[PDB]
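What follows is a short report on a single structure.
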Amino acid sequence: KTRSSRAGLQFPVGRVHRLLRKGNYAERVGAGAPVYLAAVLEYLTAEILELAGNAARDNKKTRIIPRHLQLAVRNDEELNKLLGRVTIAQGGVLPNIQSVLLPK
Amino acid sequence: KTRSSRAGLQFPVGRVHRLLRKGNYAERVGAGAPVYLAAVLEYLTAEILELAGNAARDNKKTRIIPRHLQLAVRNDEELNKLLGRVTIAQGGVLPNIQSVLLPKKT
Amino acid sequence: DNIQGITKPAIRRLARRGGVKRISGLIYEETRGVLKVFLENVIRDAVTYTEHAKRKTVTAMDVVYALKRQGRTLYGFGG
Amino acid sequence: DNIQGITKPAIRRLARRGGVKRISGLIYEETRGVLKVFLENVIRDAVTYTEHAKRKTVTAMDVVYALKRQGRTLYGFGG
Amino acid sequence: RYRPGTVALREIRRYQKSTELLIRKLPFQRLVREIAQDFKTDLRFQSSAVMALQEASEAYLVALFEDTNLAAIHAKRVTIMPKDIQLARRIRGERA
Amino acid sequence: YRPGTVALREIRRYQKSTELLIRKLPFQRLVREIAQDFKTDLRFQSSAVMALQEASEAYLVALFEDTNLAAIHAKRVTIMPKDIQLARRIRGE
Amino acid sequence: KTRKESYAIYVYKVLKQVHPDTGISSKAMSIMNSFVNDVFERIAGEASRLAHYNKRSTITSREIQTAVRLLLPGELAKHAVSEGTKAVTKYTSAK
Amino acid sequence: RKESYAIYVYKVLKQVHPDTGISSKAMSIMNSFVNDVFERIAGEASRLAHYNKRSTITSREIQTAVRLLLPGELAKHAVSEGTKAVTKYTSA
DNA sequence: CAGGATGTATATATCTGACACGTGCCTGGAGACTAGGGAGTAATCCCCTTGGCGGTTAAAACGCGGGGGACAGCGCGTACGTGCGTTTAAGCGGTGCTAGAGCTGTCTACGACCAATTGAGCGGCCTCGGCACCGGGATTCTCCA
DNA sequence: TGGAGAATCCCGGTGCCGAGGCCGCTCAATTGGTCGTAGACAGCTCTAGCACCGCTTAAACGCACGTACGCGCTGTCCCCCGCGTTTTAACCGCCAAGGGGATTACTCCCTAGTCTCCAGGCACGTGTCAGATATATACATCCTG
């Protein structure tokens, strides 16, 4: 009878409430705030993993590689806006050429 | 009796301790932390105000306006890189001219 | 036309304070668009900063907090 | 002279990753300088992070906290 | 008659030692109300709210114009052009 | 003997793949040289310098992208150090 | 003999819910866990300071909703707002 | 009851420059500056205490945060003021 | 180089609005004393870091032709710089009104907190299949005679 | 431009080691009750934010003329790239020594908490004087000679 079952989310609600409580963010934590935070974290995880699995499908591997995660977040525009100041380890860069660099 | 007089400072030790308590930075706060923060605010305030007073002095003015604070901040390369992402209202910019714009053969 | 309310000599003055000598003719509406997207990014944060407070009047305080959120914190208006 | 251990084709490989075709012969000392000053900017913060913990070994955790200080945060070692 | 390029350079110093606001207050106020009406209707603004909004606006404007000036200098030119603005907002990371 | 297309092949190869570019032990000892300046006889985790290498060269290739854009803006294809101080001052360091 | 908490199994369940045939590597698993930890810290810190800005000692769902609207770009922000809102009314409709 | 640090830096200005005054806009800027430094230093000390699983913030975290987020000579003279103040305070 | 033409710096008269200083008061900081739990300190141990040997070879160092790009010089045509007449809207002052910020009183529902209960979650272990890698053949692919 | 040769893609086979599921324990999540106070709601106040009108005045706008500067073209030379040859330091693998990070246990003292008191800091009022405004004058550049 976990709270994540009645919240409908696979992400933990009690763990998020525990980290919100002794994380000294505030002295009082509401009831719907951990389930809202867990829902947003669920959505962001799903948004990462959907294009990660899609890039794995174009790369014809069934394992998520940090290169696949980097290609997922850098090819998607608001995902790159959210993740502009992070660097992904073993992820590389997008393959791009400036138009004046090609010969002829 | 005043803890700032006990620490020999002008900034309030008790007020810094109060906003450290209610600023929910930790569950508990020590005794040397508010006097250390008061000494740091002492020194940084003295350093900005000294160059601000010098910038007022060579402008022959006995009043500190934000242009003097802007001149004090950007002249020295320590507090300028401390707060390089900070804009000051009524501040202006340091007079800087790139050398390729001046006319030659004059 | 209200975006064009800020004008050619005002843009030329702001660029001149920025230390430029010669300005091309295609500069002005480009920096008009730059100012428009900058005020979009600031005002979009500020409007929900007022909206959370059960408030419908934008103060100077939440503008300072929005500019602190974009890493361009501004002094002289409290905070 | 172990700064020279970052070697002549290492800058070339990093520039080919960066999408640069032709590079100058005087570019190497300058990027060695910028890599050196970046490393003393990050490593010093990691050293004080280690020093506060009464520790004399540098983990990767305080390394990524020092990266988090400069707005250059890293994923894959903060677990 | 002045040589073209020296009275502008003269009033460079006049606007560079100065500190007041370059843009007029009323068109900026009307522009701010226009762009803030789209997020939520019938808003109200404090007097210092639009005064603080202009401060960062011209601060960002002249911080960008420093950048476009010394980006157009590097291309062996004097006139600033819109591709130096693209260069400034690209290297700063504000565009991509 | 192709005149200039080896460099484009190297560009495509290195942007396609994602291994570590800077050679390991010279970097691992350069970390030791810089760390001796702050506190002597410092021990280092292997994963610490493993994270530091991917921290350093990601910044390096972002910088190289920036001076590539500066060199293209200067109507050239060869990067000079003037593009490097362009990138550093304009981006904010 | 130690204990270290992580979100490996939860994003595993999310991954098998959205892609029921794709696996994940351990390095990518740590990248995933560090990403969700970083954005959790970001939203929690913004909600904390936003509650401090309104002299409120309680973090309700409104603070999380406002911090989500601040830290996320537009259609992603309102999609996350919709997911959070439907989660709150789903939890409130149930006991 | 609006809370501010005006008269403290007024005594600081009088003991560092006894023949000048300060405007009200510069007063707002100085108050915002000292508040921004307070928030930065206290937040760094907060997450530094959290990083080591310590619930108490003492002068050690404040000193290390000062060494972290201030530049070199500024931080060196800042800790030179801070430990001298903590030794003057702990002696009485 | 040398003499007019202006824009900028320097010197009084003054005047006004912001700034320095005095006053009450009240709320927030200080004095004193206790509880307890969080930090300090010590002993153990075992993982993980440091150091060394030695074979191997990929990679770095070096040298040399050559070609193509950086850079200097020159011509041009146009697009901004500068000045002047004119319109126009910003700025300032006044009035007037009301929507909406700010604060005080209540109470109640929501959240902290503790005891009892238990099952999801995490360390250890084991297995097999996705994937890295080697090798031969087909497929582009780019330079030239 | 066909084609010689070089790089690349692809398919088949192999072998490996880390994903991924199972199992046992455990401690953190869940449930139930209490009780304390944070904020939701109403209502009163009052203040500053639109809303409009009139003057005035310096800023903006349109236009005329010019010139210098950005851009296109050409020559040159030099310096970096491609490639062959030589060397050298990184990589892999393995083996010990021990160092200190982490764990657990026991104490102690330091800070939260509470009560009482009093004085420092803030709102407000008011002189007062230093920067703003105006007028007159020297002078430091630029423009053409």
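If you're wondering about the labels, chains in the structure tokens are A, B, ... by order shown, residues count from 1 in each chain, ligands from 1 in order shown.
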### Message
Could you list, as JSON, numbers by chain, every residue within 12 Å of residue 10 of chain H, counting only C-alpha atoms (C1' of nucleotides) and ignoring same-chain residues fewer than 2 positions away?
### Response
{"B": [10, 11, 42, 45, 46, 49, 64], "H": [4, 5, 6, 7, 8, 12, 13, 14, 15, 16, 17, 18, 19, 20, 21, 22, 23, 24, 26, 27, 30, 31], "I": [20]}
Quick one: residues within 9 Å of segment 68-70 of chain H, only C-alpha atoms (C1' of nucleotides), excluding same-chain residues fewer than 3 positions away - as an mmCIF file with C-alpha atoms, in the first residue's frame?
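Writing done, so here's selection.cif:
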```cif
data_model
loop_
_atom_site.group_PDB
_atom_site.id
_atom_site.type_symbol
_atom_site.label_atom_id
_atom_site.label_comp_id
_atom_site.auth_asym_id
_atom_site.auth_seq_id
_atom_site.Cartn_x
_atom_site.Cartn_y
_atom_site.Cartn_z
ATOM 1 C CA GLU B 78 39.603 41.369 -7.859
ATOM 2 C CA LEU B 79 36.070 42.443 -6.942
ATOM 3 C CA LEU B 82 34.122 38.502 -7.892
ATOM 4 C CA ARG D 44 42.274 24.347 -6.565
ATOM 5 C CA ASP D 45 38.550 24.214 -5.754
ATOM 6 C CA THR D 48 39.892 23.062 -0.793
ATOM 7 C CA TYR D 49 36.883 20.713 -1.007
ATOM 8 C CA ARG D 69 30.793 25.630 -8.822
ATOM 9 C CA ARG H 40 26.161 33.267 -1.682
ATOM 10 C CA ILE H 41 28.387 32.546 1.328
ATOM 11 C CA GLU H 44 27.892 27.575 -0.044
ATOM 12 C CA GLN H 63 36.145 29.910 6.062
ATOM 13 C CA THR H 64 36.213 27.250 3.336
ATOM 14 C CA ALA H 65 33.305 28.917 1.492
ATOM 15 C CA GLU H 73 44.204 37.853 -2.349
ATOM 16 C CA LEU H 74 40.658 38.941 -1.466
ATOM 17 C CA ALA H 75 40.010 35.541 0.132
ATOM 18 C CA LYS H 76 43.410 35.540 1.872
ATOM 19 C CA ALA H 78 39.147 37.796 4.241
#
```
### Task
Using only C-alpha atoms (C1' of nucleotides), select each residue of chain I with any atom at most 8 Å away from an atom of chain F, and give the selection as number ranges by chain.
I: 49, 67, 70, 142-143
Residues of chain C in strand (DSSP E or B), written as a PDB file with C-alpha atoms, in the first residue's frame:
```pdb
ATOM      1  CA  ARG C  22      30.123  52.984 -37.536  1.00  0.00           C
ATOM      2  CA  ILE C  23      26.754  51.201 -37.538  1.00  0.00           C
ATOM      3  CA  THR C  57       0.738  43.894  -9.884  1.00  0.00           C
ATOM      4  CA  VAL C  58       4.370  43.484 -10.934  1.00  0.00           C
ATOM      5  CA  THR C  73      21.508  40.100 -10.873  1.00  0.00           C
ATOM      6  CA  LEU C  74      20.839  43.829 -10.610  1.00  0.00           C
ATOM      7  CA  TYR C  75      21.565  46.194  -7.724  1.00  0.00           C
TER       8      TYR C  75
END
```
Report as JSON lines: every residue of segment 47-120 of chain I with an atom at most 12 Å from segment 49-59 of chain J, its closest pair of atoms, and their distance in Å to one decimal, counting only C-alpha atoms (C1' of nucleotides), with rows sorted by chain and ascending residue number.
```
{"residue": "I:87", "atom": "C1'", "partner": "J:59", "partner_atom": "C1'", "distance": 10.7}
{"residue": "I:88", "atom": "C1'", "partner": "J:59", "partner_atom": "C1'", "distance": 9.0}
{"residue": "I:89", "atom": "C1'", "partner": "J:59", "partner_atom": "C1'", "distance": 8.9}
{"residue": "I:90", "atom": "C1'", "partner": "J:59", "partner_atom": "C1'", "distance": 8.1}
{"residue": "I:91", "atom": "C1'", "partner": "J:56", "partner_atom": "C1'", "distance": 9.3}
{"residue": "I:92", "atom": "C1'", "partner": "J:55", "partner_atom": "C1'", "distance": 9.2}
{"residue": "I:93", "atom": "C1'", "partner": "J:54", "partner_atom": "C1'", "distance": 9.4}
{"residue": "I:94", "atom": "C1'", "partner": "J:53", "partner_atom": "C1'", "distance": 9.0}
{"residue": "I:95", "atom": "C1'", "partner": "J:52", "partner_atom": "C1'", "distance": 9.1}
{"residue": "I:96", "atom": "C1'", "partner": "J:51", "partner_atom": "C1'", "distance": 9.0}
{"residue": "I:97", "atom": "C1'", "partner": "J:51", "partner_atom": "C1'", "distance": 9.2}
{"residue": "I:98", "atom": "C1'", "partner": "J:50", "partner_atom": "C1'", "distance": 9.3}
{"residue": "I:99", "atom": "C1'", "partner": "J:49", "partner_atom": "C1'", "distance": 8.7}
{"residue": "I:100", "atom": "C1'", "partner": "J:49", "partner_atom": "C1'", "distance": 9.5}
{"residue": "I:101", "atom": "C1'", "partner": "J:49", "partner_atom": "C1'", "distance": 11.2}
```
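Contact shell of residue 46 of chain C at 10 Å (only C-alpha atoms (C1' of nucleotides); same-chain neighbours under 6 positions omitted): residues 40, 58, 59, 60, 61, 62, 63, 64, 65, 66 and 67 of chain C; 36 of chain E; 70 of chain G.
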#### Entry: Contacts of residue 9 of chain F within 12 Å, only C-alpha atoms (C1' of nucleotides), excl. fewer than 4 positions in-chain, as a ChimeraX atom specification
/A:95,97,102 /D:13,16-17,19-21 /F:2,4-5,13-16 /I:141 /J:7-8
Which residues of segment 5-89 of chain A have any atom within 12 Å of an atom in segment 20-31 of chain G when counting only C-alpha atoms, and what is the closest pair of atoms for each, with the distance in Å to one decimal? Order the rows by chain and rising number and write it as a tab-separated table.
```
residue	atom	partner	partner_atom	distance
A:45	CA	G:31	CA	11.4
A:48	CA	G:31	CA	11.1
A:49	CA	G:22	CA	9.8
A:50	CA	G:22	CA	10.4
A:51	CA	G:22	CA	11.9
A:52	CA	G:22	CA	9.7
A:53	CA	G:22	CA	6.7
A:54	CA	G:22	CA	9.8
A:55	CA	G:22	CA	11.2
A:56	CA	G:22	CA	8.3
A:57	CA	G:22	CA	9.0
A:60	CA	G:22	CA	10.7
A:61	CA	G:22	CA	8.4
A:62	CA	G:22	CA	4.7
A:63	CA	G:23	CA	4.5
A:64	CA	G:24	CA	4.4
A:65	CA	G:28	CA	5.8
A:66	CA	G:28	CA	5.1
A:67	CA	G:28	CA	8.9
A:68	CA	G:28	CA	9.0
A:69	CA	G:28	CA	7.7
A:70	CA	G:28	CA	10.2
A:86	CA	G:31	CA	11.2
A:87	CA	G:31	CA	10.4
A:88	CA	G:31	CA	7.6
A:89	CA	G:31	CA	7.9
```
Using only C-alpha atoms, find the residues of chain E whose closest atom to chain A is at most 10 Å away, then write them as a PDB file with N, CA, C and O atoms, in the first residue's frame.
```pdb
ATOM      1  N   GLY E  93      26.493  31.778 -26.105  1.00  0.00           N
ATOM      2  CA  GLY E  93      25.592  30.669 -25.877  1.00  0.00           C
ATOM      3  C   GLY E  93      24.137  31.049 -25.754  1.00  0.00           C
ATOM      4  O   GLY E  93      23.321  30.196 -25.389  1.00  0.00           O
ATOM      5  N   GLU E  94      23.786  32.302 -26.042  1.00  0.00           N
ATOM      6  CA  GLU E  94      22.406  32.745 -25.930  1.00  0.00           C
ATOM      7  C   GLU E  94      21.534  32.251 -27.077  1.00  0.00           C
ATOM      8  O   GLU E  94      20.307  32.203 -26.929  1.00  0.00           O
ATOM      9  N   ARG E  95      22.132  31.880 -28.211  1.00  0.00           N
ATOM     10  CA  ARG E  95      21.385  31.367 -29.353  1.00  0.00           C
ATOM     11  C   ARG E  95      21.437  29.844 -29.426  1.00  0.00           C
ATOM     12  O   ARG E  95      20.395  29.181 -29.427  1.00  0.00           O
ATOM     13  N   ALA E  96      22.638  29.276 -29.482  1.00  0.00           N
ATOM     14  CA  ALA E  96      22.802  27.832 -29.590  1.00  0.00           C
ATOM     15  C   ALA E  96      24.103  27.385 -28.935  1.00  0.00           C
ATOM     16  O   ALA E  96      24.363  26.190 -28.793  1.00  0.00           O
TER      17      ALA E  96
END
```
### Query
Counting only C-alpha atoms (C1' of nucleotides), which residues from chain G have an atom at most 12 Å from any atom of chain I, and could you show them as a PyMOL selection string?
chain G and resi 1-10+22-25+57-60
### Message
Please determine, counting only C-alpha atoms (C1' of nucleotides), which residue among J:35, J:23, J:105, J:78 has the shortest atom-to-atom distance to residue 112 of chain I.
### Response
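Using only C-alpha atoms (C1' of nucleotides), the shortest distance to residue 112 of chain I belongs to J:35.
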Identify all residues of segment 11-48 of chain C in alpha helix (DSSP H) (DSSP on the backbone) and supply them as a CSV table (one decimal) with N, CA, C and O atoms, in the first residue's frame.
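Saved the output as selection-v6.csv:
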```csv
chain,number,residue,atom,x,y,z
C,11,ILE,N,18.7,53.6,-30.2
C,11,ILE,CA,19.5,52.4,-30.5
C,11,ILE,C,21.0,52.9,-30.8
C,11,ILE,O,21.9,52.3,-30.3
C,12,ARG,N,21.1,54.0,-31.6
C,12,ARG,CA,22.4,54.5,-31.9
C,12,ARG,C,23.1,55.0,-30.7
C,12,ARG,O,24.3,54.9,-30.6
C,13,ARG,N,22.4,55.6,-29.8
C,13,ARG,CA,22.9,56.1,-28.5
C,13,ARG,C,23.4,54.9,-27.6
C,13,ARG,O,24.5,55.0,-27.0
C,14,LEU,N,22.6,53.9,-27.5
C,14,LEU,CA,23.0,52.7,-26.7
C,14,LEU,C,24.2,52.0,-27.3
C,14,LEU,O,25.0,51.5,-26.6
C,15,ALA,N,24.2,51.9,-28.6
C,15,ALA,CA,25.4,51.3,-29.3
C,15,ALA,C,26.6,52.2,-29.1
C,15,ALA,O,27.8,51.8,-29.0
C,16,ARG,N,26.4,53.6,-29.1
C,16,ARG,CA,27.5,54.5,-29.0
C,16,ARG,C,28.1,54.5,-27.5
C,16,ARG,O,29.3,54.6,-27.4
C,17,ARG,N,27.2,54.3,-26.5
C,17,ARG,CA,27.7,54.0,-25.2
C,17,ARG,C,28.5,52.7,-25.1
C,17,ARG,O,29.4,52.6,-24.3
C,28,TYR,N,19.4,47.8,-36.6
C,28,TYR,CA,18.5,48.4,-35.7
C,28,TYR,C,17.3,47.4,-35.4
C,28,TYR,O,17.0,47.2,-34.2
C,29,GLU,N,16.7,46.9,-36.4
C,29,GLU,CA,15.6,45.9,-36.1
C,29,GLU,C,16.1,44.6,-35.6
C,29,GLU,O,15.4,43.9,-34.9
C,30,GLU,N,17.4,44.3,-35.9
C,30,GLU,CA,18.0,43.1,-35.3
C,30,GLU,C,18.1,43.2,-33.8
C,30,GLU,O,17.7,42.3,-33.0
C,31,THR,N,18.7,44.4,-33.3
C,31,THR,CA,18.7,44.6,-31.9
C,31,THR,C,17.3,44.9,-31.3
C,31,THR,O,17.2,44.7,-30.1
C,32,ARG,N,16.4,45.3,-32.1
C,32,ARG,CA,15.0,45.4,-31.6
C,32,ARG,C,14.5,44.0,-31.3
C,32,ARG,O,13.8,43.8,-30.2
C,33,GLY,N,14.8,43.0,-32.2
C,33,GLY,CA,14.4,41.6,-31.9
C,33,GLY,C,15.1,41.0,-30.7
C,33,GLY,O,14.6,40.2,-29.9
C,34,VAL,N,16.4,41.4,-30.5
C,34,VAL,CA,17.2,41.0,-29.4
C,34,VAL,C,16.7,41.5,-28.1
C,34,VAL,O,16.5,40.8,-27.1
C,35,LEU,N,16.3,42.8,-28.1
C,35,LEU,CA,15.6,43.4,-26.9
C,35,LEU,C,14.3,42.7,-26.6
C,35,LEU,O,13.9,42.5,-25.4
C,36,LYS,N,13.6,42.4,-27.7
C,36,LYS,CA,12.3,41.7,-27.5
C,36,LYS,C,12.4,40.4,-26.9
C,36,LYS,O,11.6,40.0,-26.0
C,37,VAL,N,13.3,39.6,-27.3
C,37,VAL,CA,13.5,38.2,-26.8
C,37,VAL,C,14.1,38.3,-25.3
C,37,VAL,O,13.7,37.5,-24.5
C,38,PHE,N,14.9,39.3,-25.1
C,38,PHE,CA,15.4,39.5,-23.7
C,38,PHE,C,14.3,39.9,-22.7
C,38,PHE,O,14.2,39.3,-21.6
C,39,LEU,N,13.4,40.8,-23.1
C,39,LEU,CA,12.3,41.1,-22.3
C,39,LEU,C,11.3,40.0,-22.2
C,39,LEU,O,10.6,39.9,-21.2
C,40,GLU,N,11.2,39.1,-23.2
C,40,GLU,CA,10.4,37.9,-23.1
C,40,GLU,C,10.9,37.0,-22.0
C,40,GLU,O,10.2,36.6,-21.2
C,41,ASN,N,12.2,36.8,-22.0
C,41,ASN,CA,12.9,35.9,-21.1
C,41,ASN,C,12.8,36.4,-19.7
C,41,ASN,O,12.7,35.6,-18.7
C,42,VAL,N,12.8,37.7,-19.5
C,42,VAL,CA,12.8,38.3,-18.1
C,42,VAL,C,11.3,38.3,-17.7
C,42,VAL,O,11.0,37.9,-16.5
C,43,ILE,N,10.4,38.9,-18.5
C,43,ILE,CA,9.0,39.1,-18.1
C,43,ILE,C,8.2,37.8,-17.9
C,43,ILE,O,7.3,37.8,-17.1
C,44,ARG,N,8.6,36.8,-18.7
C,44,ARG,CA,8.0,35.5,-18.5
C,44,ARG,C,8.2,34.9,-17.1
C,44,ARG,O,7.3,34.3,-16.5
C,45,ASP,N,9.4,35.1,-16.6
C,45,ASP,CA,9.7,34.6,-15.2
C,45,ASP,C,9.0,35.6,-14.2
C,45,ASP,O,8.5,35.1,-13.2
C,46,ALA,N,9.1,36.9,-14.5
C,46,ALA,CA,8.5,37.8,-13.6
C,46,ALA,C,7.0,37.7,-13.4
C,46,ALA,O,6.4,37.9,-12.3
C,47,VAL,N,6.3,37.4,-14.5
C,47,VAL,CA,4.8,37.3,-14.4
C,47,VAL,C,4.3,36.1,-13.6
C,47,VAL,O,3.4,36.2,-12.8
C,48,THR,N,5.1,35.0,-13.6
C,48,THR,CA,4.7,33.9,-12.7
C,48,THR,C,5.2,34.1,-11.3
C,48,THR,O,4.6,33.6,-10.4
```
